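Novice: Just passing along the structure, written as structure tokens.
Here, each number is a calculation from the coordinates, and none is a lab measurement. Heads up, the Cβs are rebuilt from the backbone with ideal geometry, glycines too, and the neighbour counts pull from every protein chain shown.
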Amino acid sequence: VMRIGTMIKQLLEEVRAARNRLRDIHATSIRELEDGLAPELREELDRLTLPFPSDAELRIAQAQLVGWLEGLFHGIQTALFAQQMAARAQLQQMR
Amino acid sequence: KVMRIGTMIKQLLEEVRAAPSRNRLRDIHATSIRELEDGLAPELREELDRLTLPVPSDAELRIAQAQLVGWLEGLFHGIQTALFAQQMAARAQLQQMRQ
Amino acid sequence: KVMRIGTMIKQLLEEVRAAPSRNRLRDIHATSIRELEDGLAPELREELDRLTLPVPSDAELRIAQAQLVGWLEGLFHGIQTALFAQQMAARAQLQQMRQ
Amino acid sequence: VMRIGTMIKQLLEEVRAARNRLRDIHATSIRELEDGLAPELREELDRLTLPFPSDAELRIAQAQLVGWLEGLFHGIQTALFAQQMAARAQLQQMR
């Protein structure tokens, strides 16, 4: 289930305007990505945030969050493809 | 495979963490995208349509580096959660067939 | 879906278990195959190429009924183990990415 | 992993010749299908065998084992297809 996929798209755009907002978005993304996670959450919430404030670190912190969101989308995406492609191969072994 | 993709990433991520240029950060990025486009048609058009992080200045580098960390980290956890979801969906479907 | 397939089977299996004809056992079979060929090209040629269990005698019926039980049971557990394998492969792949 | 798939094919043919052999094959099939199974094995080994001896019950018991093996193959097969098809749909949601 890729609800997360659609949310990444929308969350991606908000990534630009004129820091609480930035920190807020990252948090949203992580909560939606967690859904249900086992204690593995530690790694996902192990100082998994942007680095802090001066404008420099806000230009920086905001770039970090564009790549993070693109990464999730394409990681999810290629993994999803692997899945479809593996099931096909496994089947091509029918013969 | 998907394991091959993850382990390289873990590596590219450590390769950037300790950095100084304009060719290093651009290569790490190319490298990562070279790994994903393991036979997936023209959707490669999404990654191969640039999507590259924006004598260069010093501050400009830091900003670009930060974006790379997210890209590399995003790909890692994006895969990870696609995997866990795949595993949970099979779990559920098994319990539906209680018998 | 795959859950839809399993639950119908559980039902067809109980529909045969308590039987007396030559049209009942043939319908239960048709029914099961009608369920599998949920949009899968010409591989339907495998199931739709007869593959039907062999005024008929009495003993002949018992033999045919037994074969149906295996077919219905086979489809159930065949799915079940494809599901568990799918779930285990995702599990493993997750543990490879220890970090 | 569909090793089981290839074994079903081979095990399927042995299904005809001229009861220990019959009972032996079913057992083989179940062991190869178990690989690793959780306590769920009970259901798979809950009087999951052919019914016993007179020829009548050997014609019968052997028919049961042809369908069982065909069933496993096509159950595994369609489930495998579902898998590939679901991963594709989930992806078609990218847009």
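Novice: Within segment D:11-34, which residues are under 11 Å from the mean Cα position of the chain (by Cα) and more than 13 Å from D:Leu65 (Cβ to Cβ)?
Specialist: D:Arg31, D:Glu32, D:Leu33, D:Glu34
Novice: Among the residues of segment A:22-42, count how many are more than 18 Å from B:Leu75 (Cβ to Cβ), charged (D, E, K, R), more than 9 Å from chain B (Cβ to nearest Cβ) and surrounded by 12 or more Cβ atoms within 10 Å (Cβ to Cβ).
Specialist: Counting residues in segment A:22-42 that are more than 18 Å from B:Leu75 (Cβ to Cβ), charged (D, E, K, R), more than 9 Å from chain B (Cβ to nearest Cβ) and surrounded by 12 or more Cβ atoms within 10 Å (Cβ to Cβ) gives 1.
Novice: Considering (1) over 24 Å from D:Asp46 (Cα atoms); (2) at the interface with chain D (Cβ under 8 Å from one of its Cβ atoms); (3) not in a loop (DSSP other than H, G, I, E, B), say which one C:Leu61 fails and leave the rest.
Specialist: Condition not satisfied by C:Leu61: (2).
Novice: May I pose another question? Residues to consider are C:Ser57, C:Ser21; find the one that is exposed (fewer than 10 other Cβ atoms within 10 Å of the Cβ) and more than 28 Å from A:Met94 (Cα to Cα).
Specialist: Result of the check over C:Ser57, C:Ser21: C:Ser57.
Novice: Return a yes/no flag: does segment C:32-51 have any residue that is over 14 Å from the mean Cα position of the chain (by Cα) and at the interface with chain D (Cβ under 7 Å from one of its Cβ atoms).
Specialist: The answer is yes; a qualifying residue exists.
Novice: Within segment C:73-88, is there a residue that is under 30 Å from B:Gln11 (Cα atoms) and either among the acidic types (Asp, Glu) or not in a helix (DSSP H, G or I) (or both)?
Specialist: Within segment C:73-88, not a single residue is under 30 Å from B:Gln11 (Cα atoms) and either among the acidic types (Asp, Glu) or not in a helix (DSSP H, G or I) (or both).
Novice: Here is a list of conditions, (1) facing another protein chain (nearest Cβ under 8 Å); (2) surrounded by 18 or more Cβ atoms within 10 Å (Cβ to Cβ), and D:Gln93 meets all of them except one; can you say which number that is?
Specialist: Of the numbered conditions (1) facing another protein chain (nearest Cβ under 8 Å); (2) surrounded by 18 or more Cβ atoms within 10 Å (Cβ to Cβ), the odd one out for D:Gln93 is (2).
Novice: Of the residues B:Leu53, B:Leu40, only one is closer than 27 Å to A:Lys9 by Cα, in contact with a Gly (Cβ under 9 Å, 6 or more places away or on another chain) and not charged (D, E, K, R); which? Working first, answer last.
Specialist: Working: B:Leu40 fails: in contact with a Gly (Cβ under 9 Å, 6 or more places away or on another chain).
Testing whether each residue is closer than 27 Å to A:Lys9 by Cα, in contact with a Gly (Cβ under 9 Å, 6 or more places away or on another chain) and not charged (D, E, K, R) leaves just B:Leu53.
Novice: Can you pull out every residue in segment C:4-18 that is surrounded by fewer than 14 Cβ atoms within 10 Å (Cβ to Cβ) and either farther than 18 Å from D:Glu43 by Cβ or within 11 Å of chain D (Cβ to nearest Cβ) (or both)?
Specialist: Matches in segment C:4-18: C:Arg4, C:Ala18.
Novice: Further question on the same structure: Among the numbered criteria (1) buried (at least 22 other Cβ atoms within 10 Å of the Cβ); (2) farther than 23 Å from D:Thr6 by Cβ; (3) among the acidic types (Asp, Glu), which one does D:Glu57 miss?
Specialist: (1)
Novice: Being among the β-branched types (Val, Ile, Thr) and out of contact with any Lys or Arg (no Cβ under 6 Å at 6 or more places or on another chain) is the filter; apply it to segment C:40-94 and report the residue that is farthest from A:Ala86 (Cα to Cα).
Specialist: Ranking the candidates gives C:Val55 first.
Novice: Kindly indicate which of A:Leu45, A:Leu11 is buried (at least 19 other Cβ atoms within 10 Å of the Cβ) and out of contact with any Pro (no Cβ under 6 Å at 6 or more places or on another chain).
Specialist: A:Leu11
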